[PDB]
There are 2 protein chains.
Amino acid sequence: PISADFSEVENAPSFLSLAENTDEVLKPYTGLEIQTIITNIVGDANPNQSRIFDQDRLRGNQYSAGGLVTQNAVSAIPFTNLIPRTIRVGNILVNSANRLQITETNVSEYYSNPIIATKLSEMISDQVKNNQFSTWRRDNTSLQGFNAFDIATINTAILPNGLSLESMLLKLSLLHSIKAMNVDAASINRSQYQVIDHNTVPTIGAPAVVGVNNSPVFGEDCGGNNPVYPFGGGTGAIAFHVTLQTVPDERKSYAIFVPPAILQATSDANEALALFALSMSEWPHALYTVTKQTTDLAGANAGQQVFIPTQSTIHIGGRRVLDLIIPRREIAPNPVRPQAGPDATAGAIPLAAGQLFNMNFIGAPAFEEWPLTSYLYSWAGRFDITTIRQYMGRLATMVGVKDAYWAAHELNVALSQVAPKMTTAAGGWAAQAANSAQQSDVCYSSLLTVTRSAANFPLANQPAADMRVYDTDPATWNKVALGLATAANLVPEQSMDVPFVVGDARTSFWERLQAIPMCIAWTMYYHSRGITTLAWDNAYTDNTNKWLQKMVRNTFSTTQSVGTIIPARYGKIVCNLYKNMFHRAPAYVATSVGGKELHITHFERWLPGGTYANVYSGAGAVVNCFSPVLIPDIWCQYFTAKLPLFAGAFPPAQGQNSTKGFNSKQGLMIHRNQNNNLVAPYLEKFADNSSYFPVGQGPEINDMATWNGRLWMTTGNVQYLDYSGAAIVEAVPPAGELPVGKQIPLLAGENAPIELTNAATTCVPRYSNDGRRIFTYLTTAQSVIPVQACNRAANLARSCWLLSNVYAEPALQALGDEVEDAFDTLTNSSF
Amino acid sequence: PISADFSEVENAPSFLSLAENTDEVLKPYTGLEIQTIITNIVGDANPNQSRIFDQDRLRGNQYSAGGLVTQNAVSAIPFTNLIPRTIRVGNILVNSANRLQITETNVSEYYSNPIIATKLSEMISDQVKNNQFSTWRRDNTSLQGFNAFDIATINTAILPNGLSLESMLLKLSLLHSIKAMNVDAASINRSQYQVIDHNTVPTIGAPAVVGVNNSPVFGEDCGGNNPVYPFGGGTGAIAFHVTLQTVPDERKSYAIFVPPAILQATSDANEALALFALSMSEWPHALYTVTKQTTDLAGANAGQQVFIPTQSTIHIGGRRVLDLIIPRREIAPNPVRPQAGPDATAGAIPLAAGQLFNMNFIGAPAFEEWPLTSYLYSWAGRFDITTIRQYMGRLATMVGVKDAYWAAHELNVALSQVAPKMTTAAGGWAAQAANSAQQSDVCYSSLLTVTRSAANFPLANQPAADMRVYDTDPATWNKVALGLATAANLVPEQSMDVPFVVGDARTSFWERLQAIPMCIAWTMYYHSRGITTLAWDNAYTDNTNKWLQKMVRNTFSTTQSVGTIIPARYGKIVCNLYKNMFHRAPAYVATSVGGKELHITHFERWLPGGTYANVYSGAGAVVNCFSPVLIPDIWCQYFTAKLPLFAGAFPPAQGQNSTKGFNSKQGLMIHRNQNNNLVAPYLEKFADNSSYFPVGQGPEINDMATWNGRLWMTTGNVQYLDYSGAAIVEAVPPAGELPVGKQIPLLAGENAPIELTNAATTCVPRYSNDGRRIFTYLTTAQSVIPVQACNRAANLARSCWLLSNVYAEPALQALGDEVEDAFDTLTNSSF
């Protein structure tokens, strides 16, 4: 919450009390909490009436330090899943001189929720089979579409993991988030076409065109019609078998049963084989683009920019050769529909390729492999989000897809909503230049720089992994999609129990708002202890200060117990800084060591390797200091139930008292080194007895003093020196300049932020790369009013927002269970 | 205290309740109370870390009447003991075209705390002496360094006064305050080199050079090496005798015993004869200068200004011929060390004079007189404040010097910290011009103009006395420094019991802050009744209005009872306006009528003769009206525990209500004379029934109406006319202009005061020279919003400071009893 006076800066919760464990069961963060503040929609659903195109930013009055009120001053929503591979430089479109930002997961099978053979599986073994041991009979007890010698080779030795529908449901959770950009124009913001390319105005009118393999720079049309995989040059292979006898002799264990519940006479019914073959194989199969008509700032040069979404750059899968076994009607003996296959058509795209598809091959003979990047390229303009929604409802009737899609969905939001770093400026609204690394350099919500590609596409290098995600194995999928095994995370449901995000037009708006509390929780994690940006980068193996290696060691997921993931320590600190600070729990998955079942969130599955949230200067130079700051503060304050005390709104100037500090009555002291000219704030009592941290000590979490340090570097002329006033190794901003948010184009009657209002002031540097303590200093002449404001005998004029705090309770309808519809109050006893 | 809202303007204490008698014992005003607000030092002692050079002014935010906030706007500390005898005119140094400001005391012996012969004195009489009346023996019962016929002529008829160590301890309290300007550069402010010469920047680096008899203008090098006294051309005479038999036949009663406790093998031990001969004789012996390297505003013309401190212009003593009797070792009969004198050396300065000292004469023969202005000129570069401190500790071991030095020290502060008058301007920060009487015209803290010299130096005119101070007689000093008499103010002590100001580098900073509550108490005395400046000047003998003669008659110390000072009436009003308003008592001395012992402060020992605190206009013209206003208001408000209601901060504009007034519900009425155009505020009910005061009536103390009169002359267009709107004899400021504080040079990021913020608004004129009442008027058109603000139906936009009230409790350590030092916790039972 933002502050009305100093008596609620002072009576704000601490960090240690707000990072404690919580035993409450909390509702999921739906993204509607930020929505019902920054838009005209407070109540309920609105089809096309609510113009979300214009409602894309934080708006409010501001109050300057000089006593003036700015009327309509805006802060951008700082997250988008769209990297502009065509940049508007000099009011005209040119190709990007920048590589594409790629991520990579760490897909591996772990001990999920345990699995058990059903009464059908004990029925096949006990009866039938066991009874063929006396009758000399080799009859067929065919289950629904498969041979008895196909079920008999699967009702066998079961792996003791249990499956997690996570990788296939992130691919479904991911192509959904791509294919939901072409829904309308007044349902997708214009700010999220302007987050990186800020010299750009997209248009109401023509919607976005979600294309595939048509990006104009650095390869990236990975076979525009001769398609390969983007990660690794190769085309894969798919084969549609009717028996396991046809799978040649080599694979036969990798063979995936397509269950007959996902293909019924309810849809196109042959697109569902492509969503199944796309969920089970590999992401990405192709490099999707989003092309939209844009215009420059005044509006002359209307062209079409090419974007590439971030979730088409996430390398997940490792299954490139699929052998799919198809249900054979009711019951038939083993044999162009040889054995009564319902279908296997190619698609809708003509696809002149290496096997030369013509326009749409209908073919399910015995072996006869196709390519897989080709077979998925043909079904790349057909995957609209309504079809994905009803496919999810057909999945939900046989397995439990409610909680696993929401965990996979905020996994998508965790590694897909990606934000440009910062720019250091004095006032408000600085950005970068065009055709430069600094405009396109970009970070996660975890304050962690996204790796861009090193060489031209399709890639042979395979960069380091970023996140540990699970996967469906084919061998357990073949028996849980067939009634032969069951678990507690796999209990089936109805299509009403599909989450609200699926098949809705408002996903590109909601998913960029779900990523803001992730960066608030990581932002408050990285700012309680200020280790700049250099003592985070080369911190994993520094032989100085064993404390710092323990910090970076524990933050990441590098431990195990039995064959399963032990989640990270200190990512539960971020999770508790999410549940306490937002009163809403993030979605976990299950992992079991043995018996004991414990929970791991995207807060606990990151991996080491990679630099952190850097800040740039006005001329593009690196200012690796402060702390890993991303989005501007007011996001890390206003949209918050309980923000810890060191991060706080400087309260408005009401009477004679505006902004004060914390003095030696709270256990603090002034540093006051060698020279008489520069003095430091009221830091801790340990600050004068250190000067360099001991090899197992770090910055003590004091929010009286971190407040009191950002209270001094808001003055506008500070230097970040030393215990003795000497320089540091770290790059310092050129003046009294702070990291400030990204500037987007304005509208009519709508202003830019004024002075340290769209800034990030909380990033107080306290721990240099060398292990020495960083002190913020002022001249003796220019520190009298800050020292007396700490002593409550003066006041400091600071700028603020003129908003008020509401923070409503959760709705739990979210446009996803509108079961009030009159035709099921009467079909209600039958459920 | 400054006001948060109007409900604490209204609920402020009155004048009559705040001038009442108080029975509390209060702590002394140490000067640390102003310090712990206007500087970075709140806690404790700081050797050279704390740069007091830059921490020399009141700093804070301001709020204009137009709703704007000024960030760092400064008010100067308006007191210094340094008159610039070299003025920087046109960025370059020239000699002053102005005479030197001189004061003069009224040294006389009064009935102090009574004195009584000890057991040693009754031992000399009863035994020895009385027993020589039977034995025909003329033996020597020598006490410590003197003959028995030297003690026998002093153990005699004792005067019934008792001595007061006041004149010698003001001379010691005075040369200390001169010789503490050469301690450092970052321990003395730069504002106090800029109080009169405001076109000047002194430098960190080279310290001040405390010279002697080297001033370049109007004589003032009173014998640069042939030295005379500055007050009266003459050189004096000193003689170092060993017996009273050598003192020729003429003086012999004026002969001063030098006690052997001030000269021990602990120091130079011969400088203490010069501090003794300087305490006992005459002030000043020479005209000390303080030369410091200064630079102009931008910084080009680095030169050295010559200053003369105010306490080297205070004429105290009347003893020009000293005959000092020296202790003769243990025991020896009467006789270049003839009779075992320890020493009598000349000094360190070569001193080509009328007796022609060469460099350092060591000489104690029998009579052989030296000059005294010569003997003290040689010990004029050696009196550093550490030696003065240990000399004070050697005095404190034999007599009680704790309370008498503090009374003599705030006597020094009372008649040494001296401030330039005012300049009338509309906004903030007006000063005077260079090489003009008006820049150098200057006042006490008692709102009383300092007399400058009439003719060239050494002076034969001897101006009128300013203050009644006591003195040590030699005849009682010869027996209280010898064990023959004792009193209650003379009980001996330890060197730990020497006050904290002695020998510390921070005296020039602390003494200018001790003088601010003196001028607050006198400022609130002179403003409760507004008698302008003309009915104070020629008010002592005006045959009109017997009330006014009683005011000026009683304010000054012109009464007696028995042979001792009766202190002034109405200076106890100022003393009670000090103890009630500051919760800290000023240091008294003792005077006894007989039996009854009563107390007289520098508040009760001033003398008539002399003009009062005039105000100048922008062009230098005299504006003798208002009331004797000196320092700007915020000093007479913020640094205050309980400021009476007529002086009050106009509260800040918070909501719709900012500043209101007092109407006929509080017993007031509007004057409303002959013409319909000009109307006056809500004055008293007596204001319309007077028009001229009766010959025994004066302005009734009403703080509802004095507030309401400064509430109208803050508007910016008033005239001070009459009962009928006619002019007055007094000089009126040229427009709606008020007396405003002195402008000093600014620093980086540091502003000037804006509009009536560094002003003195409390000086409401209410009593003309003619005995007629002065009314403040507005036009009928421009008085509707003030009248309705009095009726609480409107608001007035006034400017204010954005500070807050703290006013801490006294410390009582003050860097003067750091007895916690580990080597006397173990030597603690032995004290």
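Residues numbered from 1 in each chain as written, not as in the entry; some residues may be left out. Chains lettered and ligands numbered in written order. Part of a larger assembly, values for the part shown. Heavy atoms only, no water.

cryo-EM is the method the PDB entry states for this structure, with the resolution given as 3.2 Å.

Peer 1: Can you walk me through the overall build of chain A in this structure?
Peer 2: Looking only at helices and strands, one finds 19 helices and 32 strands in chain A. Since a compact globule built from 831 residues should have a radius of gyration of about 28 Å, the 29 Å found for chain A is in line with a globular shape. Dimensions along the principal axes, computed over C-alpha positions, put chain A at roughly 100 × 60 × 60 Å. In chain A, buried positions account for 61% of the 831 residues. Counting only carbon and sulfur atoms, one obtains 52% of the accessible surface of chain A, whose full area is about 30100 Å². The average position of the 54 basic charges and that of the 64 acidic charges among the side chains of chain A differ by 4 Å. (Helix = DSSP H or I, 4+ residues; strand = E, 2+ residues; numbered from the N terminus. Rg over C-alpha atoms; globule rule 2.2 N^0.38 Å. Buried < 20%, exposed > 50% of the residue type's maximum accessible area, 1.4 Å probe, protein only. Areas by Shrake-Rupley, 256 points an atom, 1.4 Å probe, with all protein chains shown as cover. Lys, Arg positive; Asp, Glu negative; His and termini not counted. Charge placed at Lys NZ, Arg CZ, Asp CG, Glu CD.)

Peer 1: When you look at the interface of chain A and chain B in this model, what are you seeing that I'm missing?
Peer 2: As a measure of interface size, the accessible area lost when the parts come together is often cited. Taken together, the 31 residues of chain A in the interface contact 36 residues of chain B. Carbon and sulfur atoms make up 48% of the area that chain A and chain B hide from each other, which totals about 2500 Å². Counting the surface chain A buries against chain B, the share from its top three residues, A:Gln656, A:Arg672 and A:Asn676, is 28%. Counting the contacts that link chain A with chain B gives 0 salt bridges. (Contact = heavy atoms within 4.5 Å. Buried area = accessible area lost by both parts, 1.4 Å probe. Salt bridge = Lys/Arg side-chain N within 4 Å of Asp/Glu carboxyl O.)

Peer 1: Can you walk me through the sheet that holds strand β3 (residues 69–76) of chain A in this structure?
Peer 2: Within a sheet, each strand pairs with its neighbour through backbone hydrogen bonds, oriented either parallel or antiparallel. Residue and element names in this part refer to chain A. The antiparallel open sheet is built from 3 strands, whose spatial order is β3-β2-β32. Each edge of the open sheet is held by one strand with a lone partner, namely β3 and β32 (800–801). In this structure, strand β2 (residues 57–63) lies alongside β32, joined through 2 bridges in antiparallel fashion. Among the inter-strand pairings, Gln62 is bridged to a residue of β32, identified as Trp801. (Pairing = 2+ DSSP bridges.)

Peer 1: For this particular structure, what's the right way to read the relation of the copies chain A and chain B?
Peer 2: One copy of the chain maps onto the other through a rotation about an axis plus a displacement along that axis. Overlaying chain A with chain B gives an RMSD of 0.0 Å, the required rotation being 120° about an axis along which the chain moves by 0.0 Å. Each copy turns onto its partner about a three-fold axis. A share of only 10% of the interface residues of chain A reappears at the interface of chain B, consistent with the copies meeting through non-equivalent patches. (Least-squares fit on C-alpha atoms.)

Peer 1: Even after reading the chapter, I still don't get the sheet that holds strand β11 (residues 237–241) of chain A, so can you show me in this structure?
Peer 2: Residues and elements named next belong to chain A. Taken in spatial order, the 3 strands make up an open sheet running β11-β16-β12, and their pairing is parallel. Either end of the sheet is taken by a strand with one partner, and the two such strands are β11 and β12 (256–257). In the sheet, β12 pairs with strand β16 (residues 321–325) via 2 bridges, with the strands oriented parallel. The residue bridging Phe257 from the neighbouring strand is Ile325, located in β16. Against the sheet, helix α6 (residues 272–280) touches β11, β12 and β16, its axis set at about 135° to β16. (Axes fitted to C-alpha atoms, helices over the stretch in contact; angles between N-to-C directions.)

Peer 1: Hey, could you run me through the packing of aromatic side chains in this one?
Peer 2: Each aromatic ring pair is summarised here by two numbers: the centre-to-centre distance and the angle between the ring planes. All told, the structure shown has 70 aromatic pairs over all chains when counted by the stated rule. Ring centres 4.8 Å apart and planes at 75° place the aromatic pair A:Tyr526 and A:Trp536 in the edge-to-face group. Taken together, the residues span a long stretch of sequence, with A:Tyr526 in helix α13 (residues 516–528) and A:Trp536 in helix α14 (residues 534–537) at a distance of 10 residues. Residue classification places A:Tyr526 among the buried residues on the basis of a relative accessible area of 1%. Measuring from ring centre to ring centre gives 6.4 Å for B:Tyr29 and B:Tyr578, while their planes differ by 70°; the resulting arrangement is edge-to-face. Across the pair, exposure class does not vary: B:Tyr29 and B:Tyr578 are buried alike. Counting every residue linked through ring pairs, the aromatic cluster contains A:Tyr29, A:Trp522, A:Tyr525, A:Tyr526, A:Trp536, A:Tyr578, A:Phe582, A:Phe603 and A:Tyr612. (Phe/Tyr/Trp six-rings, centres within 6.5 Å; stacked < 30°, edge-to-face > 60°.)

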